[PDB]
Amino acid sequence: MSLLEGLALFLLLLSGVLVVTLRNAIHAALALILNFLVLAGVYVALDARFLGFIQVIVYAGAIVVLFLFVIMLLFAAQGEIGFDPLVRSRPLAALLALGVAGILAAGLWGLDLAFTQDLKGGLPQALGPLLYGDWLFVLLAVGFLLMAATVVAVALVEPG
Amino acid sequence: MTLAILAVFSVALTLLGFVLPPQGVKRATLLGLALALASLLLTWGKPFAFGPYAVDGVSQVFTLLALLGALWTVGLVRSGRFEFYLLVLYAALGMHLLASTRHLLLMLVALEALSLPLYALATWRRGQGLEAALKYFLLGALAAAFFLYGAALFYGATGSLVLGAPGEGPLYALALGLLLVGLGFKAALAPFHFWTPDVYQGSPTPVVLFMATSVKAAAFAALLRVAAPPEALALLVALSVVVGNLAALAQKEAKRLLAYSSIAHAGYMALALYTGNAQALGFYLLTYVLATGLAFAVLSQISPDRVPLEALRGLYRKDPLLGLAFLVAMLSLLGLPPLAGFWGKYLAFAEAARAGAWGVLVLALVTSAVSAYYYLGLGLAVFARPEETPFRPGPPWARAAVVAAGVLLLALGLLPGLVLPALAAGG
Amino acid sequence: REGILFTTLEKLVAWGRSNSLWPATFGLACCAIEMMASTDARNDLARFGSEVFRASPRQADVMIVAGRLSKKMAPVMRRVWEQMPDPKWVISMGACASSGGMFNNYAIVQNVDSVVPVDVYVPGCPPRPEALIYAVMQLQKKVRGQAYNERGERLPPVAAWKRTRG
Amino acid sequence: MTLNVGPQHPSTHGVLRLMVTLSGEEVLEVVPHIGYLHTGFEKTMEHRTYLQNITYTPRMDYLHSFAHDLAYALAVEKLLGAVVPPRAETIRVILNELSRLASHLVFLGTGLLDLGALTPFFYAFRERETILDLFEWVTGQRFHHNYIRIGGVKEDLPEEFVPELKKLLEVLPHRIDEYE
Amino acid sequence: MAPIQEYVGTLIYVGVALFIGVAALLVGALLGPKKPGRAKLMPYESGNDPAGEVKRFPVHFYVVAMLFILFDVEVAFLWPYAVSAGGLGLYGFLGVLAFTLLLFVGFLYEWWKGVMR
Amino acid sequence: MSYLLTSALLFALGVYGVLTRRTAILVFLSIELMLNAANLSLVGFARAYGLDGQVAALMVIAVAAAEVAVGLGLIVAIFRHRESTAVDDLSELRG
Amino acid sequence: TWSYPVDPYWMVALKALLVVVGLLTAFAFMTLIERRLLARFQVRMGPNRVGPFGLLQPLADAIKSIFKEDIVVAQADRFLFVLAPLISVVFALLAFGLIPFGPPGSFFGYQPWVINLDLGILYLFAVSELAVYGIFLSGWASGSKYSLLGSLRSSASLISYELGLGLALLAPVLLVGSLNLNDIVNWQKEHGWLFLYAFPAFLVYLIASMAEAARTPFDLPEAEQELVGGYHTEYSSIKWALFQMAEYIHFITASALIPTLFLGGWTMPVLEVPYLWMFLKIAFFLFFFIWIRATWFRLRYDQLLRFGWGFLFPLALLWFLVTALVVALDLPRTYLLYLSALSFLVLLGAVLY
Ligand SMILES: C/C=C(\C)[C@H](O)[C@H](C)/C=C(C)/C=C/C/C(C)=C/Cc1[nH]c(OC)c(OC)c(=O)c1C
Ligand code: SF4
């Protein structure tokens, strides 16, 4: 825990700082892949194992691969082009960036929770009956949503 | 089994459009929407629930409203792309689930399922339409992130993600606020309204109709489930109504002005959130949906891309009945006797006073008095001198739709004691 | 670091380079077909270590100048020589490359030694594939430092080590 | 993608530069650039003996060379009125079709290798070497043979030539039929 | 389930593999003539512009990858049914089959419209 | 508890991005970071309140993938012809 | 890992180093033996040269690889150009310890494998994605779009058939119900050779493993014979050695996994000897894939994507649905023997028309 907890949280935080700070898009994306790998490791540390592996397979393996595909097809790596900088928009937004933490920190400040439950590892063997079961209706809704997103994007590009 | 109609017809048409002609696709979409609407009518007072899917008066009424709006906006769209209809069906289902569950995560899934297809529906290729699509998409994804963090803090306050939780102190308030963020964003409440002017100006007018009716209907339906505190409600209402009407005065274009007006109208609607009457809000949103569908059908018949105020003038000489219906809609949306908008507004104000919020109600009413300036500068213009103006005076389809909308509005204005009885359990 | 500074070290690295020589194709003319025939299924340059053939120049150490080097081809080959990593050797295959051959004209470089340092010359028109094998055995003993010319001089391992490339 | 498929690259046989205009995986249109092999036969041949030019003729189409040799020979023969002996002309057509087969063998090896697998380059090419042995028996040369002459041929066929030829004409048809 | 010790052994596997790889990189880098040339650093193929002046590459790869993220989400949903099935009975089979059929209907759409594009 | 504070910090960082990033795709990446911070908070509260948040976060990832696909399609649609994805060149729609 | 024991950490590191160096020497000698097998195929014979039997030429090749001026291309990225090969090798070497070479303790006491994770197939899937990551990353960092499009082809094709890998691996889990490799192998020990039950998915796995760098998409791509591929064309000393090493490591990893999952992972009905049968099946699938290397043409990666997408993956998911029917209804297992036997006889008898 704490030995690896602090280090993993530092890796996560620095990766996020990079992905929101770095102007080299490729560098931000790979920092974010590091973010997700450390995040899946932390998931394992949280007895949630299945979700971390899907996180790595889906997000890293598939999604941000497509991010990289687009930004290599469409260069777009250095966003620092076409500025209209609006200097005052940099700090104020950044200021707002901090604020949205504090209230959340306030919502979590002075909070204690019961972190003692027999998860037995977040294996899908037990997640199935929840997914297929209490969540099965949600599952069908989500699958329909995915199909609708496919058709929306296709008709959105659809040169003819 | 309305969900049955929606899902089956949608999935079937998905493939069937390849072999079936777009005219047949239109007729089939019409039949699917009409069958879902008939099923909704026949299930009056017949709750049907499986999981998070929970059909009550809220789901029933508000999804009826969404189906009416969808039917109307489909009747008008004639583009030679079948896809431009299928997505609407999808959206319908999503908004249904938005009202038909308390489950925050399924609420998010339905919110996305309704927000996506409209984005593509706003792509008439119009340079402002595409700008609207991108702004709408980014802001909607941000609001969905906010709603997700709210559901996370909800699960922090309780072991389940279904609304109705007991609720802790600051954690429960923060989760409620984070949910309210996205919900009011989709409800055009300030300070989360900013997408609305750009989107309503840029999006194709019929899509603007469909959005401003169904999206807001389902959003308020789900809002009734929230435990919205009075203070946050006060701030949202104040900002929403102030910004809406005040910025509306300065608009010279119909669609954007109506967007700010819809901000004001949602601010008025938010009063039922004080009590969650779900009857007053049902009636209010019925009136607003009808009037909005009528007015936006007029706007669509004029020009989908953009309709300025001056072009609207003289419509009476162009079409007398259409101008009269638009004026009646402007009056009903002003909240004037003896029209149903006044009954909905009165019901909301009564729920607010029952909640004991006084200065907020006073400010809302003063701003409503402000609204009459532009509401009249548009409604009465129907009689002005005809300028050269795009005028395609529709088929009898849209004419009869407008007629029935206006008649329903005025009838429920004179006799609200007919449908208002059946917004609760449904006697 | 350049394969030097210990008697065992340079002999061993020269061993490695000598028997691991990988050819880089430079097809110009009919010398190229008999260059290919040094690989066919009667006679393969696939035993000495040259089975695989990296067409990329960033991946092969031996360059076989096979054919008449037309002058419009000079900078290309020029760059190809610089677009090879530094441990590179250049074999001059055929008459047209080594000398002007029967095509003694405005159109052909009369010796590829003009643009790139020639390591080995091998006449023939076309040189029998086995003659190319003998040229590469000569190059084998060259990069080992086991090669001598007619005057008694002990040739250096790598040509293109004596030039101020630019 | 105004791409520069350069001379000799990527392993494009017949050194040549191509400026391929292309978007994606189709091929819109290729602008060629040639001359990277210009040797200047048409000039150098004006400075070599008529006998000497038979050395220059094969080195141009180094796959099907004997057609070049025969075309030049025939032109000169017509020019000065020479007679090709029927045995000599028969041997000439033999050499012509034999170089034609060598050309087709290398052609199919290079083609099949160019896209697909590397194997089919070997087998047929083995036979090519075998064919060359035949030439090596008669002309003493792999290719670029200076054999033909205006009146006829350089010298006679060895006694050992016909058996190798009959051996190849018997074994080859089954090979070709199996590839087919 | 599995003990966490195997996962720390996995981390050690990765750490030793990474260290050995970085060592191999150092070996490759240190052993070299190290005489760069301005042309040596040139991209490729005769002077400039191996590809050089080219416009953006086709969207077909984007379509494949977007398809792939969605269908890997699909397989992520299908795996929990793959493990625990008999306890889920005909109800579980029916849910997973309807799910797969919806997403494959979307796929049939993209197919009958096709992406050679 | 460190996990939940970490989720809050990562969400704040993703907001910092969405406010800061000029390019649509970098904004989109910041949004991804926001959603995954939320999912981390969900996993923490699932460890606390009994594992439901795992299936919750799975559904979250699926929904995110759908909206990402559609948003990338739209981003391509607008800035295939157009110059840099920077939103500042999109200001025709004004009050 | 319900019942499988755990060695101390130092033994884990010892075996990790042994597996790294073993895969090293393995792909080196496999380059040798593939050259000789190709030669045996293409009449031409191999290097009875500098060996004697050839088994010392790769050391000369490695000594060539070093000293070969590891070059940092200017006008190309300083960092990622160097970085990508390390990714491609690190995330390839691992995921081979999982392949069980024997029952527990059959490593003379301690562990045949290295790690026996509960979610093994997911580990394989994840680490498979990162190879493509490194491939197309290096394709980009080279800054010569000549190789960029090749790396794009690589990623497109491998990702398509890697999607197919999921629908392929779905089917057996329903029967097994466990995601530990040794359980599935013991399953094929008792009930017998899972492919007999699940033949069709095996094909779309095999084709995937043949599409995933074995050969015949042959739009992998390699620089030769086409628009040159990614992951090469700019690296000189060790980085190209790393790319070739990782590609061949994936080659033998798939060539070992195919008998491991579907067919008889070592665990033979006869003599139950731990290592030799697994190594021999590795060699068998390796020789079949090399046969294919020599014996079949290209697929252009567009018709290849169409083929995998429209035909392979629907077949895999449909087979998953049928196996799910059988498992959820659970009545027979002989139905599966009959069904897969029919499927293979269909795919076989349909040829000689
Ligand atoms: C797996 C495959 C490999 C490792 C390699 O790619 C194979 C082994 C390499 C080969 C075959 C060599 C190629 C050299 C070449 C392309 C020369 C140019 C050329 N070629 C011709 O065709 C023969 C010509 O005749 C019309 C020419 O005139 C000219 C100038
Ligand atoms: S030396 Fe002879 S075989 Fe070689 S290129 Fe010149 S003419 Fe052709």
# chains A, B, ... in the order shown; residues from 1 in each chain; ligands from 1
$ residues_near_ligand --ligand "ligand 2" --cutoff "6 Å" --atoms "only C-alpha atoms and all ligand atoms" --output "list in words"
residues 29, 30, 31, 67, 68, 94, 95, 96, 125 and 126 of chain C; 59 of chain D
$ closest_atom_pairs --of "chain D" --to "ligand 1" --cutoff "10 Å" --atoms "only C-alpha atoms and all ligand atoms" --output "JSON lines"
{"residue": "D:7", "atom": "CA", "partner": "ligand 1", "partner_atom_place_in_ligand_line": "18 (C)", "distance": 8.9}
{"residue": "D:8", "atom": "CA", "partner": "ligand 1", "partner_atom_place_in_ligand_line": "18 (C)", "distance": 5.8}
{"residue": "D:9", "atom": "CA", "partner": "ligand 1", "partner_atom_place_in_ligand_line": "16 (C)", "distance": 8.0}
{"residue": "D:10", "atom": "CA", "partner": "ligand 1", "partner_atom_place_in_ligand_line": "16 (C)", "distance": 8.2}
{"residue": "D:11", "atom": "CA", "partner": "ligand 1", "partner_atom_place_in_ligand_line": "16 (C)", "distance": 4.5}
{"residue": "D:12", "atom": "CA", "partner": "ligand 1", "partner_atom_place_in_ligand_line": "16 (C)", "distance": 5.3}
{"residue": "D:13", "atom": "CA", "partner": "ligand 1", "partner_atom_place_in_ligand_line": "20 (N)", "distance": 3.5}
{"residue": "D:14", "atom": "CA", "partner": "ligand 1", "partner_atom_place_in_ligand_line": "29 (C)", "distance": 3.6}
{"residue": "D:15", "atom": "CA", "partner": "ligand 1", "partner_atom_place_in_ligand_line": "30 (C)", "distance": 4.6}
{"residue": "D:16", "atom": "CA", "partner": "ligand 1", "partner_atom_place_in_ligand_line": "30 (C)", "distance": 8.2}
{"residue": "D:36", "atom": "CA", "partner": "ligand 1", "partner_atom_place_in_ligand_line": "30 (C)", "distance": 9.7}
{"residue": "D:37", "atom": "CA", "partner": "ligand 1", "partner_atom_place_in_ligand_line": "30 (C)", "distance": 8.3}
{"residue": "D:60", "atom": "CA", "partner": "ligand 1", "partner_atom_place_in_ligand_line": "28 (O)", "distance": 9.6}
{"residue": "D:61", "atom": "CA", "partner": "ligand 1", "partner_atom_place_in_ligand_line": "26 (C)", "distance": 8.5}
{"residue": "D:62", "atom": "CA", "partner": "ligand 1", "partner_atom_place_in_ligand_line": "25 (O)", "distance": 7.8}
{"residue": "D:63", "atom": "CA", "partner": "ligand 1", "partner_atom_place_in_ligand_line": "25 (O)", "distance": 7.2}
{"residue": "D:103", "atom": "CA", "partner": "ligand 1", "partner_atom_place_in_ligand_line": "26 (C)", "distance": 9.3}
{"residue": "D:106", "atom": "CA", "partner": "ligand 1", "partner_atom_place_in_ligand_line": "23 (C)", "distance": 6.9}
{"residue": "D:107", "atom": "CA", "partner": "ligand 1", "partner_atom_place_in_ligand_line": "22 (O)", "distance": 7.6}
{"residue": "D:109", "atom": "CA", "partner": "ligand 1", "partner_atom_place_in_ligand_line": "11 (C)", "distance": 8.4}
{"residue": "D:110", "atom": "CA", "partner": "ligand 1", "partner_atom_place_in_ligand_line": "23 (C)", "distance": 6.0}
{"residue": "D:111", "atom": "CA", "partner": "ligand 1", "partner_atom_place_in_ligand_line": "22 (O)", "distance": 8.8}
{"residue": "D:113", "atom": "CA", "partner": "ligand 1", "partner_atom_place_in_ligand_line": "2 (C)", "distance": 6.8}
{"residue": "D:114", "atom": "CA", "partner": "ligand 1", "partner_atom_place_in_ligand_line": "6 (O)", "distance": 7.5}
{"residue": "D:115", "atom": "CA", "partner": "ligand 1", "partner_atom_place_in_ligand_line": "1 (C)", "distance": 9.6}
{"residue": "D:116", "atom": "CA", "partner": "ligand 1", "partner_atom_place_in_ligand_line": "1 (C)", "distance": 9.1}
{"residue": "D:117", "atom": "CA", "partner": "ligand 1", "partner_atom_place_in_ligand_line": "1 (C)", "distance": 7.1}
{"residue": "D:118", "atom": "CA", "partner": "ligand 1", "partner_atom_place_in_ligand_line": "1 (C)", "distance": 4.8}
{"residue": "D:119", "atom": "CA", "partner": "ligand 1", "partner_atom_place_in_ligand_line": "1 (C)", "distance": 8.2}
{"residue": "D:121", "atom": "CA", "partner": "ligand 1", "partner_atom_place_in_ligand_line": "11 (C)", "distance": 7.8}
{"residue": "D:122", "atom": "CA", "partner": "ligand 1", "partner_atom_place_in_ligand_line": "8 (C)", "distance": 9.7}
$ interface_residues --of "chain E" --to "chain D" --cutoff "8 Å" --atoms "only C-alpha atoms" --output "mmCIF file with N, CA, C and O atoms, in the first residue's frame"
data_model
loop_
_atom_site.group_PDB
_atom_site.id
_atom_site.type_symbol
_atom_site.label_atom_id
_atom_site.label_comp_id
_atom_site.auth_asym_id
_atom_site.auth_seq_id
_atom_site.Cartn_x
_atom_site.Cartn_y
_atom_site.Cartn_z
ATOM 1 N N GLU E 45 16.145 8.448 -49.874
ATOM 2 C CA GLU E 45 15.722 8.401 -51.277
ATOM 3 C C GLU E 45 15.973 9.722 -52.017
ATOM 4 O O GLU E 45 15.061 10.494 -52.316
ATOM 5 N N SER E 46 17.258 9.962 -52.279
ATOM 6 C CA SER E 46 17.679 10.867 -53.345
ATOM 7 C C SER E 46 17.333 12.338 -53.136
ATOM 8 O O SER E 46 16.542 12.907 -53.895
ATOM 9 N N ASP E 49 12.476 14.379 -49.768
ATOM 10 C CA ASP E 49 11.163 13.930 -50.208
ATOM 11 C C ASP E 49 11.133 12.441 -50.541
ATOM 12 O O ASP E 49 10.874 12.082 -51.699
ATOM 13 N N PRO E 50 11.419 11.539 -49.583
ATOM 14 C CA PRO E 50 11.121 10.121 -49.827
ATOM 15 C C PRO E 50 9.636 10.016 -50.100
ATOM 16 O O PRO E 50 9.196 9.569 -51.163
ATOM 17 N N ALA E 51 8.863 10.468 -49.113
ATOM 18 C CA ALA E 51 7.473 10.859 -49.282
ATOM 19 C C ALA E 51 7.343 12.374 -49.377
ATOM 20 O O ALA E 51 6.720 12.887 -50.312
ATOM 21 N N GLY E 52 7.927 13.097 -48.420
ATOM 22 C CA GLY E 52 8.066 14.539 -48.497
ATOM 23 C C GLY E 52 6.745 15.265 -48.587
ATOM 24 O O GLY E 52 6.006 15.346 -47.602
ATOM 25 N N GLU E 53 6.439 15.802 -49.765
ATOM 26 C CA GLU E 53 5.208 16.564 -49.952
ATOM 27 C C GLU E 53 4.092 15.552 -50.167
ATOM 28 O O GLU E 53 3.947 14.984 -51.249
ATOM 29 N N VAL E 54 3.317 15.311 -49.111
ATOM 30 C CA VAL E 54 2.202 14.373 -49.120
ATOM 31 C C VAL E 54 1.081 14.986 -48.293
ATOM 32 O O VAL E 54 1.327 15.731 -47.339
ATOM 33 N N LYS E 55 -0.158 14.698 -48.676
ATOM 34 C CA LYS E 55 -1.292 15.091 -47.853
ATOM 35 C C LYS E 55 -1.762 13.918 -46.997
ATOM 36 O O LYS E 55 -1.319 12.778 -47.150
ATOM 37 N N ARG E 56 -2.670 14.232 -46.071
ATOM 38 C CA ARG E 56 -3.040 13.333 -44.985
ATOM 39 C C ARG E 56 -3.492 11.969 -45.501
ATOM 40 O O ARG E 56 -4.058 11.846 -46.590
ATOM 41 N N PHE E 57 -3.234 10.940 -44.698
ATOM 42 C CA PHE E 57 -3.425 9.550 -45.097
ATOM 43 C C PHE E 57 -4.894 9.166 -44.926
ATOM 44 O O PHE E 57 -5.664 9.890 -44.291
ATOM 45 N N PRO E 58 -5.327 8.030 -45.482
ATOM 46 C CA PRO E 58 -6.766 7.749 -45.544
ATOM 47 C C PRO E 58 -7.383 7.499 -44.176
ATOM 48 O O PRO E 58 -6.719 7.107 -43.215
#
$ closest_atom_pairs --of "chain F" --to "chain B" --cutoff "6 Å" --atoms "only C-alpha atoms" --output "CSV"
residue,atom,partner,partner_atom,distance
F:35,CA,B:145,CA,5.7
F:38,CA,B:149,CA,5.4
F:42,CA,B:152,CA,5.2
F:45,CA,B:156,CA,5.4
F:49,CA,B:159,CA,4.9
F:93,CA,B:198,CA,4.9
$ residues_around --residues "residue 75 in chain E" --least-positions-apart "6" --cutoff "12 Å" --atoms "only C-alpha atoms" --output "ChimeraX atom specification"
/A:54,57-58,143 /E:68-69,81-82,96,99-100,103-104 /F:62 /G:122,125,162-171,313,316-317,320
$ closest_residue --among "F:14, F:22, F:9, F:39" --to "residue 84 in chain A" --atoms "only C-alpha atoms"
F:22
$ closest_atom_pairs --of "chain A" --to "chain E" --cutoff "6 Å" --atoms "only C-alpha atoms" --output "Markdown table"
| residue | atom | partner | partner_atom | distance |
| --- | --- | --- | --- | --- |
| A:62 | CA | E:69 | CA | 4.9 |
| A:63 | CA | E:69 | CA | 5.6 |
| A:66 | CA | E:65 | CA | 5.5 |
| A:73 | CA | E:57 | CA | 5.2 |
| A:124 | CA | E:80 | CA | 5.3 |
| A:125 | CA | E:84 | CA | 5.4 |
| A:128 | CA | E:80 | CA | 4.8 |
| A:132 | CA | E:92 | CA | 5.9 |
| A:140 | CA | E:99 | CA | 5.7 |
| A:147 | CA | E:106 | CA | 5.1 |
$ closest_atom_pairs --of "chain G" --to "chain C" --cutoff "7 Å" --atoms "only C-alpha atoms" --output "Markdown table"
| residue | atom | partner | partner_atom | distance |
| --- | --- | --- | --- | --- |
| G:43 | CA | C:41 | CA | 5.7 |
| G:44 | CA | C:41 | CA | 4.2 |
| G:46 | CA | C:47 | CA | 5.8 |
| G:47 | CA | C:47 | CA | 3.7 |
| G:48 | CA | C:47 | CA | 6.6 |
| G:49 | CA | C:47 | CA | 5.5 |
| G:50 | CA | C:48 | CA | 6.5 |
| G:57 | CA | C:49 | CA | 6.9 |
| G:60 | CA | C:16 | CA | 3.7 |
| G:61 | CA | C:20 | CA | 5.0 |
| G:63 | CA | C:16 | CA | 5.2 |
| G:64 | CA | C:17 | CA | 5.1 |
| G:67 | CA | C:1 | CA | 6.7 |
| G:68 | CA | C:87 | CA | 5.8 |
| G:69 | CA | C:85 | CA | 5.9 |
| G:224 | CA | C:55 | CA | 6.4 |
| G:233 | CA | C:56 | CA | 5.6 |
| G:234 | CA | C:58 | CA | 5.6 |
| G:235 | CA | C:58 | CA | 6.2 |
| G:236 | CA | C:58 | CA | 5.6 |
$ write_last_selection --atoms "N, CA, C and O atoms" --output "CSV table (one decimal), in the first residue's frame"
chain,number,residue,atom,x,y,z
G,43,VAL,N,14.9,-25.5,-53.0
G,43,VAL,CA,16.0,-26.3,-53.5
G,43,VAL,C,17.4,-25.9,-52.9
G,43,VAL,O,18.1,-26.7,-52.4
G,44,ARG,N,17.7,-24.6,-53.1
G,44,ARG,CA,19.0,-24.1,-52.6
G,44,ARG,C,19.3,-24.6,-51.1
G,44,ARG,O,18.4,-24.5,-50.3
G,46,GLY,N,21.4,-24.7,-47.3
G,46,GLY,CA,21.8,-23.6,-46.4
G,46,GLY,C,23.2,-23.5,-46.1
G,46,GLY,O,24.1,-24.1,-46.8
G,47,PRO,N,23.6,-22.8,-45.0
G,47,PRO,CA,25.0,-22.6,-44.7
G,47,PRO,C,25.7,-23.7,-44.0
G,47,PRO,O,25.8,-23.7,-42.8
G,48,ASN,N,26.2,-24.7,-44.7
G,48,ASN,CA,27.2,-25.7,-44.2
G,48,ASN,C,28.6,-25.0,-44.0
G,48,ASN,O,29.6,-25.7,-43.7
G,49,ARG,N,28.5,-23.7,-44.2
G,49,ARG,CA,29.6,-22.7,-44.1
G,49,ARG,C,29.9,-22.4,-42.6
G,49,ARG,O,29.9,-23.4,-41.8
G,50,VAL,N,30.2,-21.2,-42.3
G,50,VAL,CA,31.0,-20.7,-41.1
G,50,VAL,C,30.5,-21.2,-39.8
G,50,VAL,O,30.8,-20.7,-38.7
G,57,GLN,N,27.1,-18.8,-36.9
G,57,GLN,CA,27.0,-17.6,-37.7
G,57,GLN,C,26.2,-16.4,-37.0
G,57,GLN,O,26.6,-15.3,-37.2
G,60,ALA,N,28.5,-14.0,-35.1
G,60,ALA,CA,29.0,-13.0,-36.1
G,60,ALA,C,28.0,-12.0,-36.5
G,60,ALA,O,28.3,-10.8,-36.6
G,61,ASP,N,26.8,-12.4,-36.6
G,61,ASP,CA,25.7,-11.5,-37.0
G,61,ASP,C,25.5,-10.5,-35.9
G,61,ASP,O,25.2,-9.3,-36.1
G,63,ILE,N,27.7,-9.6,-33.5
G,63,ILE,CA,28.9,-8.7,-33.5
G,63,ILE,C,28.9,-7.7,-34.6
G,63,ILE,O,29.4,-6.6,-34.5
G,64,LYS,N,28.3,-8.1,-35.7
G,64,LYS,CA,28.0,-7.1,-36.8
G,64,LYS,C,27.0,-6.1,-36.3
G,64,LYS,O,27.1,-4.9,-36.6
G,67,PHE,N,28.6,-2.3,-33.1
G,67,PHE,CA,29.6,-1.6,-33.9
G,67,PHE,C,29.0,-1.0,-35.2
G,67,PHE,O,29.7,-0.4,-35.9
G,68,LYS,N,27.7,-1.3,-35.4
G,68,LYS,CA,27.1,-0.9,-36.7
G,68,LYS,C,26.5,0.6,-36.6
G,68,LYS,O,25.6,0.9,-37.4
G,69,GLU,N,27.1,1.4,-35.8
G,69,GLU,CA,26.8,2.9,-35.7
G,69,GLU,C,25.3,3.1,-35.5
G,69,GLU,O,24.5,3.4,-36.3
G,224,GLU,N,10.6,-5.0,-47.9
G,224,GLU,CA,10.8,-5.7,-49.2
G,224,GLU,C,9.4,-5.8,-49.9
G,224,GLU,O,8.4,-5.9,-49.3
G,233,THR,N,13.8,0.5,-41.3
G,233,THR,CA,14.2,1.4,-42.4
G,233,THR,C,14.9,2.6,-41.8
G,233,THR,O,15.4,3.4,-42.7
G,234,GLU,N,15.1,2.8,-40.5
G,234,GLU,CA,16.0,3.9,-40.0
G,234,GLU,C,16.9,3.5,-38.9
G,234,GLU,O,17.6,4.3,-38.4
G,235,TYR,N,16.9,2.2,-38.4
G,235,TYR,CA,17.6,1.8,-37.2
G,235,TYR,C,18.8,0.9,-37.7
G,235,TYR,O,18.7,0.1,-38.6
G,236,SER,N,19.9,1.1,-37.0
G,236,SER,CA,21.2,0.4,-37.5
G,236,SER,C,21.7,-0.6,-36.5
G,236,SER,O,21.8,-1.8,-36.9
$ residues_around --residues "residue 43 in chain A" --least-positions-apart "5" --cutoff "12 Å" --atoms "only C-alpha atoms" --output "number ranges by chain"
A: 5, 8, 36-38, 48-56, 121-123; F: 3, 36, 39-44, 46-47, 54, 57
$ atom_distance --atom1 "CA of residue 121 in chain B" --atom2 "CA of residue 210 in chain B"
10.1 Å
$ decode --residues "range 27-36 of chain F" --atoms "N, CA and C atoms" --output "PDB file, in the first residue's frame"
ATOM      1  N   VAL F  27      -8.435  18.515 -25.829  1.00  0.00           N
ATOM      2  CA  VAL F  27      -9.623  18.657 -24.987  1.00  0.00           C
ATOM      3  C   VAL F  27     -10.252  17.292 -24.745  1.00  0.00           C
ATOM      4  N   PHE F  28     -10.343  16.486 -25.802  1.00  0.00           N
ATOM      5  CA  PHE F  28     -11.003  15.191 -25.711  1.00  0.00           C
ATOM      6  C   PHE F  28     -10.233  14.257 -24.788  1.00  0.00           C
ATOM      7  N   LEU F  29      -8.906  14.329 -24.851  1.00  0.00           N
ATOM      8  CA  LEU F  29      -8.056  13.556 -23.953  1.00  0.00           C
ATOM      9  C   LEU F  29      -8.232  14.003 -22.505  1.00  0.00           C
ATOM     10  N   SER F  30      -8.311  15.317 -22.278  1.00  0.00           N
ATOM     11  CA  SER F  30      -8.569  15.812 -20.929  1.00  0.00           C
ATOM     12  C   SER F  30      -9.912  15.304 -20.410  1.00  0.00           C
ATOM     13  N   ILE F  31     -10.920  15.247 -21.285  1.00  0.00           N
ATOM     14  CA  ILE F  31     -12.222  14.694 -20.910  1.00  0.00           C
ATOM     15  C   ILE F  31     -12.087  13.221 -20.532  1.00  0.00           C
ATOM     16  N   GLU F  32     -11.254  12.484 -21.272  1.00  0.00           N
ATOM     17  CA  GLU F  32     -11.025  11.080 -20.937  1.00  0.00           C
ATOM     18  C   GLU F  32     -10.428  10.948 -19.546  1.00  0.00           C
ATOM     19  N   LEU F  33      -9.467  11.815 -19.228  1.00  0.00           N
ATOM     20  CA  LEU F  33      -8.887  11.828 -17.890  1.00  0.00           C
ATOM     21  C   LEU F  33      -9.941  12.142 -16.832  1.00  0.00           C
ATOM     22  N   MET F  34     -10.851  13.071 -17.135  1.00  0.00           N
ATOM     23  CA  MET F  34     -11.935  13.386 -16.204  1.00  0.00           C
ATOM     24  C   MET F  34     -12.781  12.153 -15.910  1.00  0.00           C
ATOM     25  N   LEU F  35     -13.237  11.478 -16.966  1.00  0.00           N
ATOM     26  CA  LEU F  35     -14.093  10.308 -16.790  1.00  0.00           C
ATOM     27  C   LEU F  35     -13.374   9.202 -16.027  1.00  0.00           C
ATOM     28  N   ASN F  36     -12.079   9.020 -16.283  1.00  0.00           N
ATOM     29  CA  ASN F  36     -11.368   7.946 -15.595  1.00  0.00           C
ATOM     30  C   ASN F  36     -11.085   8.292 -14.135  1.00  0.00           C
TER      31      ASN F  36
END
